[PDB]
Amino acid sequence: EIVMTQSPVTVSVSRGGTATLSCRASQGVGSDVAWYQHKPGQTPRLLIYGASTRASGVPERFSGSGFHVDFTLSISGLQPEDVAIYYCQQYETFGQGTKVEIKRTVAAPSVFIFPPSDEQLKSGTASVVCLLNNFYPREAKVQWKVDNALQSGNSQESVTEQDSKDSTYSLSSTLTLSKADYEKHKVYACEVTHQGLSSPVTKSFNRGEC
């Protein structure tokens, strides 16, 4: 039984800096470790094998050092295009991955709320969408309020990958209600808490009001 344990969970380093990723083996494995880059929706890419050998075509800013139980992947001169999850591998066993992001200055989100369309409503469902655009860091709290009652368990979030040009994130939250419940209430609000906001920002609309 072999376990490969990666750390940290997330590496956040300013552009041009060095990211250092660790992989510990539960028992000695000599030099027999490899590293992969993985971007969502893309095929994993071999970076380093045999602990330290750079794969063909891989930029020289990627390097590896490791033996026995300790293995490290280093990325010098970190670029936005290096934003990805990195996995270590020991034969058939893979580590849990470490995310690398660019650290930049704080940027507050611009926030938008969208009511459900008439067409959707006629079909028996109401989707309400709240958009947080171009913010950093990724951590944000998005709270739905319906006639000032906090809603929980009836929404799902999605977040984009960090942008290659401005290193920000964007996030959507979608509240789903029945038509019947939607029509029982007036004020629909999305409240956003984020490091770049000195106080929470609320965007809202009244049902049936332009």
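Position 1 is the first residue in the sequence shown; the rest follow in order.
Colleague: Comparing 120-128 with 107-115, which stretch shows the greater average C-alpha B-factor in the deposited entry?
Modeller: Comparing 120-128 with 107-115, the higher mean C-alpha B-factor belongs to 120-128.
Colleague: Higher mean Cα B-factor in the deposited model: 16-24 or 193-201?
Modeller: If you average the C-alpha B-factors of 16-24 and of 193-201, the larger mean comes out for 193-201.
Colleague: Please work out which residue in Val159, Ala34, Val69, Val58 has the highest C-alpha B-factor recorded for this crystal structure.
Modeller: Most elevated C-alpha B-factor of the set, per the entry: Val69.
Colleague: Which one of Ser167, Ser170, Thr176, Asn148 shows the biggest C-alpha B-factor in the PDB entry?
Modeller: Spelled out: the listed residue with the top C-alpha B-factor is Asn148.
Colleague: Check where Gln42 lands among this chain's C-alpha B-factors and tell me if it's the lowest, middle or highest third.
Modeller: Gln42: CA B-factor falls in the highest third of its chain.
Colleague: Quick check for you: using the entry's CA B-factors within this chain, is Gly77 in the lowest, middle or highest third?
Modeller: For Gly77, whose C-alpha B-factor we compare with every modelled residue in the chain, the answer is the highest third.
Colleague: Going by what the PDB entry lists, where does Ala180 fall on CA B-factor within its chain: lowest, middle or highest third?
Modeller: Tercile = highest for this residue's CA B-factor.
Colleague: Taking only the Cα B-factors deposited for this chain, tell me whether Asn206 sits in the lowest, middle or highest third.
Modeller: As the PDB entry reports it, the C-alpha B-factor of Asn206 lands in the highest third of its chain.
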